Amino acid sequence: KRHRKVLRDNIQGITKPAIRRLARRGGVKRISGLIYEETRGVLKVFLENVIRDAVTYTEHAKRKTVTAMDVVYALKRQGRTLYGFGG
Amino acid sequence: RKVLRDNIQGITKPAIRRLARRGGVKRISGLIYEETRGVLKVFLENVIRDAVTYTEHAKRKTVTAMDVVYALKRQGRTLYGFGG
Amino acid sequence: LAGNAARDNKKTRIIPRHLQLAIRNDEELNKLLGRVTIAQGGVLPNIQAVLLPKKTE
Amino acid sequence: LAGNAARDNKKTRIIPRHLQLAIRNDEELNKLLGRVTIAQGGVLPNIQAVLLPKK
Amino acid sequence: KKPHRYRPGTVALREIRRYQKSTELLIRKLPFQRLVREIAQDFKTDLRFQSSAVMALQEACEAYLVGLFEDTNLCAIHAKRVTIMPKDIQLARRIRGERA
Amino acid sequence: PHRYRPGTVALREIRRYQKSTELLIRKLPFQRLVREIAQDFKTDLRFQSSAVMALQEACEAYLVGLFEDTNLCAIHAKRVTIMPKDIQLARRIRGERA
Amino acid sequence: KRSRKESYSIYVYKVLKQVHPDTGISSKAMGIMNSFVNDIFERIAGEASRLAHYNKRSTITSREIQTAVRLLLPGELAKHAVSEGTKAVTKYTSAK
DNA sequence: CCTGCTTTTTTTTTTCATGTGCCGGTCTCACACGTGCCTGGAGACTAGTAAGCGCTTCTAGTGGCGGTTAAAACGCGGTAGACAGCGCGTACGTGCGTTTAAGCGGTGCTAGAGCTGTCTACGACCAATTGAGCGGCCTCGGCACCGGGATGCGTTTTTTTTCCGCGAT
DNA sequence: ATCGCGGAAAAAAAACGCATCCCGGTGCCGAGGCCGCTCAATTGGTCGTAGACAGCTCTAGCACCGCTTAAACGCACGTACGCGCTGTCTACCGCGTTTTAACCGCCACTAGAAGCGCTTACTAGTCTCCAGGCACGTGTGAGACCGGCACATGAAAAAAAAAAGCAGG
Ligand SMILES: [Ca+2]
Ligand SMILES: [Ca+2]
Ligand SMILES: [Ca+2]
Ligand SMILES: [Ca+2]
Ligand SMILES: [Ca+2]
Ligand SMILES: [Ca+2]
Ligand SMILES: [Ca+2]
Ligand SMILES: [Ca+2]
Ligand SMILES: [Ca+2]
Ligand SMILES: [Ca+2]
Ligand SMILES: [Ca+2]
Ligand SMILES: [Ca+2]
Ligand SMILES: [Ca+2]
Ligand SMILES: [Ca+2]
Ligand SMILES: [Ca+2]
Ligand SMILES: [Ca+2]
Ligand SMILES: [Ca+2]
Ligand SMILES: [Ca+2]
Ligand SMILES: [Ca+2]
Ligand SMILES: [Ca+2]
Ligand SMILES: [Ca+2]
Ligand SMILES: [Ca+2]
Ligand SMILES: [Ca+2]
Ligand SMILES: [Ca+2]
Ligand SMILES: [Cl-]
Ligand SMILES: [Cl-]
Ligand SMILES: [K+]
Ligand SMILES: [K+]
Ligand SMILES: [K+]
Ligand SMILES: [K+]
């Protein structure tokens, strides 16, 4: 039965252009080359923090599947309340 | 009925400096003292408004420390030491 | 407020962008929902002045 | 931690400063209490380097 | 004579106008989904996700980053620059209380 | 006569107020300010003295912390002198201000 | 007269005497300690309340307290707190 | 450009004096602890229902495929922004002499916080009754996506006006 | 100030190129709404208690005094920093070519979300009972304060030594 699973270095698929677009929408005109790796660091910390709490909600409900609600409850805990996915 | 008004200037230039100093500030523009007074005023306006709202809800004519504690909590400035 | 933003963009139906434009252009709703993220809302057009073309002048 | 801080100052009694020193010098308690004002605590001594003179 | 070439700043400004007018997610979906799975492995092995949980996460992330880039832009402008640098990000997160 | 150079007393003050825990605004002027402000919301209000001390503890702690952030914004701009634009950037990034 | 206001002071003293038998505590410091215990009490109880509501349970159990602690306390503190909680419950169930 | 030089800038260092931790009397008030005694936790009971359990249904999550094409990756060229100097003007730090009013300990007055007992309006609970709002299902117009054409505007080179800018008056 | 005349700099039109805006045409799926049925809100009623009220006690909040002196105020001076202007140099933007893998639409296989019915182990509840924790109140030792103390550090000074500039050659 033992399934697929991958632990690639997926962080690099948060590419330079994608980060440039995020900055654009944030009104940034010019970007130091040191920004891209710095942004990946930040993003990773953000996701670690949200995912940890979402999975804590998952474990508590004795589920194997993370739900939108787990994410939403996690984001509310982190003071980053999200509209549109339930709750 | 009390004699009153414009006590914002009783927040003195030296007292503002002392606060900045505790905040590790070494040099201070002349324009800071009046900017700070504005900020201070807004901070108390918000907190007191809420403390007074708890007072009217309680049908009291006296603002308590608890009223302020609760107001401070609502504004995300939780204060320890006053009956929390 | 959203209905009016929909009418601007020449749309019959309110979508998340219209809500976001509504809320963030209203002093008070923006304060009420200051810590709230509207999925599929974007942000308001805002380019800081210093960043606009001054250039050779 | 606060009792330890009291003893460094050769004091028998914990005062709010000792609790403050205790909390702000411990990375995790400081996080747990990041949005909490301790009355009569003051702040940690801390001066930014640029503000010091070249020694 | 030459092919046309816009001046540095101009297409940047055009891209800001483009992305502030739109609301579509700006990070590619599959790479983000993999990143979410990968990070989740550190907390609990063998997880499933509802696809909307991954969308929720991506929506929350991009909003946060776009939020942080606005504050970061201000920090850069505060230092008389037009170029965002890591120290701008660090100043904004420090002031937000995300870091000590 | 003896004379300190600009900034040396300033640092000396910093070391002193960072060591101490006492309130730095004078109490009677602060109390009038509180009363004055409260007037606008409801007349003939009484205050427990502890309520006034609560507010004064909270204002000062807020201001001290705002000045910490203000100082970093000054330094970020290669200055040592805090200015209104420093307080305004701080409050904006904090989300107190629009 | 009689005008009783409960507090955690005697328990803060009891603990103080285990940890530093010869040191005391001022009333303002005791006030702060009181504020602290009521604050965290409320944070834990509230997150627990929520956990059980989200999961359509009527009952806050030790398991809601535990999960709440993992959510609210930073890493190392959360480990020791979960340990002390688990220890306490084990020791208690073994005393009827 | 070339000694010289000469004249300041930095320096180097001591020491000279400033304000800050340290110390040993002595005073007072708040911590600490003993004393009554009210309330609220505990022991032992009953009754009811939250939730764990096992089990079955079927949602939606996962994985695999191949081809299209949009998007990422990469290098080349060079504009313009970051950054280091430096030099200039005065905003702020310092200190001292004058003036203000906070702080303190106290007394006196009384508003209003806070408590008690009583009565009753109002909310919980229950059982029967039924219509609001749900899930499920069909339809057709709003909207996404396309190509074409219109127009707004950025960029460069050749053209008209402007603001100097030099002395010589 | 005034010519005069260029001298530079600056703004002009103009001509060209490239992107964005907006139209109708086409097409399709998701909003809108209709339907049938279930279960959650309503009706009517009974029952127990929360809280509003009248009345009381006495806490602590307000007002005032008249001392003492710390603190705030204003004024003068001059250092050092904010800030503007120049020059440099390569990091970053724009763009064209090449490469990669996201996206799409669909499928097939099944883990596990989720729902139901069954049974009991837990919890709410309540009475009886008593001891743990509360308010009061009294005492003495910790901590604040004071004068003198001594030990840091920064500024002031001479002694000296290394760079700004003229100066003359
Ligand atoms: Ca199950
Ligand atoms: Ca010690
Ligand atoms: Ca610790
Ligand atoms: Ca010497
Ligand atoms: Ca002694
Ligand atoms: Ca004692
Ligand atoms: Ca005693
Ligand atoms: Ca059930
Ligand atoms: Ca079954
Ligand atoms: Ca290539
Ligand atoms: Ca330049
Ligand atoms: Ca429907
Ligand atoms: Ca469509
Ligand atoms: Ca088109
Ligand atoms: Ca057509
Ligand atoms: Ca329709
Ligand atoms: Ca500068
Ligand atoms: Ca200037
Ligand atoms: Ca450079
Ligand atoms: Ca495709
Ligand atoms: Ca199966
Ligand atoms: Ca006893
Ligand atoms: Ca006591
Ligand atoms: Ca004393
Ligand atoms: Cl940086
Ligand atoms: Cl300013
Ligand atoms: K499923
Ligand atoms: K009272
Ligand atoms: K009533
Ligand atoms: K059970």
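Within every chain, numbering begins at 1; the chains are lettered A, B, ... in the order of the sequence lines, protein sequences first and strands thereafter.
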For [X], report the nucleic acid contact type (base, sugar-phosphate, nothing); a contact means any heavy atom under 4.0 Å.
{"X": "G:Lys14", "answer": "sugar-phosphate"}
{"X": "B:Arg60", "answer": "sugar-phosphate"}
{"X": "G:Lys28", "answer": "nothing"}
{"X": "E:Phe32", "answer": "nothing"}
{"X": "G:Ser26", "answer": "sugar-phosphate"}
{"X": "E:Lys21", "answer": "sugar-phosphate"}
{"X": "E:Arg37", "answer": "sugar-phosphate"}
{"X": "G:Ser3", "answer": "sugar-phosphate"}
{"X": "A:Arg4", "answer": "sugar-phosphate"}

Contact under 4.0 Å: [X] side-chain N or O vs [N] OP1/OP2:
{"X": "F:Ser49", "N": "I:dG61", "value": "yes"}
{"X": "G:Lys1", "N": "I:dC58", "value": "yes"}
{"X": "E:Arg28", "N": "H:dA70", "value": "no"}
{"X": "G:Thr59", "N": "I:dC122", "value": "no"}
{"X": "A:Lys1", "N": "I:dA111", "value": "yes"}
{"X": "B:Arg18", "N": "I:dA72", "value": "yes"}
{"X": "C:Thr12", "N": "H:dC143", "value": "yes"}
{"X": "G:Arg57", "N": "H:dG52", "value": "yes"}
{"X": "G:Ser7", "N": "I:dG133", "value": "no"}

query: For residues G:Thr59 and G:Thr61, is any side-chain donor paired with an opposing acceptor at under 3.5 Å?
result: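 Absent: no donor and acceptor within the cut-off.
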
- prompt: Can you tell me how far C1' of I:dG82 sits from CG of F:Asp86, to the nearest Å?
  reply: 12 Å

message: What is the separation between atom CG on G:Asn55 and atom P on I:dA113, rounded to the nearest whole Å?
response: 12 Å

query: Could F:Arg35 and F:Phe30 be counted as a cation-pi pair, given that NZ or CZ must be under 6.0 Å from the ring centre and within 45° of the axis?
result: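 No - F:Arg35 does not lie over the ring of F:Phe30 by the 6.0 Å and 45° rule.
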
- prompt: Does NZ or CZ of B:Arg17 fall inside the cone over F:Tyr17's six-membered ring, less than 6.0 Å from its centre and within 45° of the axis?
  reply: no

Supply the atom-to-atom distance [X] [atom1] to [Y] [atom2], rounded to the nearest 0.5 angstrom.
{"X": "E:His78", "Y": "F:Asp86", "atom1": "NE2", "atom2": "CG", "value": "4.0 Å"}
{"X": "F:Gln39", "Y": "F:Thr43", "atom1": "CD", "atom2": "OG1", "value": "6.5 Å"}
{"X": "B:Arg60", "Y": "B:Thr55", "atom1": "CZ", "atom2": "OG1", "value": "5.0 Å"}

What closest approach, in Å, do [X] and [Y] show between heavy atoms, and which atom pair accounts for it?
{"X": "C:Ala39", "Y": "A:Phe85", "result": "CB-CE1, 3.6 Å"}
{"X": "A:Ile35", "Y": "E:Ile84", "result": "CG1-O, 3.4 Å"}
{"X": "E:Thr83", "Y": "E:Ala76", "result": "O-CB, 3.8 Å"}
{"X": "A:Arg30", "Y": "A:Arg24", "result": "N-NH1, 4.0 Å"}

message: If you count every heavy atom of other residues, nucleotides or ligands that lies below 6.0 Å from A:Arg8 atom CZ, does the total exceed 12?
response: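 Open.
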
Name the pairs: protein N/O against N/O of nucleotides 8-15 of chain H, kept only if under 3.5 Å.
none

task: Using the closest heavy atom to pick a nucleotide of DNA chain I for each, name whichever of E:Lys29 or B:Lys59 lands nearer the 5' end.
output: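 Its nearest nucleotide lies further toward 5', so the answer is B:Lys59.
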
field: 5' precedence on DNA chain I between D:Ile14 and C:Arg13 (nearest-nucleotide basis)
entry: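 Result: C:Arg13.
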
- prompt: Where the side chain of C:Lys11 is concerned, which of H:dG103, I:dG133, H:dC143 is the nearest nucleotide?
  reply: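 Selected nucleotide (nearest to the side chain): H:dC143.
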
field: Divergence of helical axes at both termini of the helix from H:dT3-I:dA167 to H:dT18-I:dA152 - five pairs an end, 10° steps
entry: 30°

field: Contact state string [nucleotides 76-95 of chain H, B base, S sugar-phosphate only, - no protein heavy atom under 4.0 Å]
entry: ---SSSSS--------SBBS

statement: By nearest-heavy-atom nucleotide on DNA chain H, the more 5' of F:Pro29 and F:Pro1 is F:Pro1

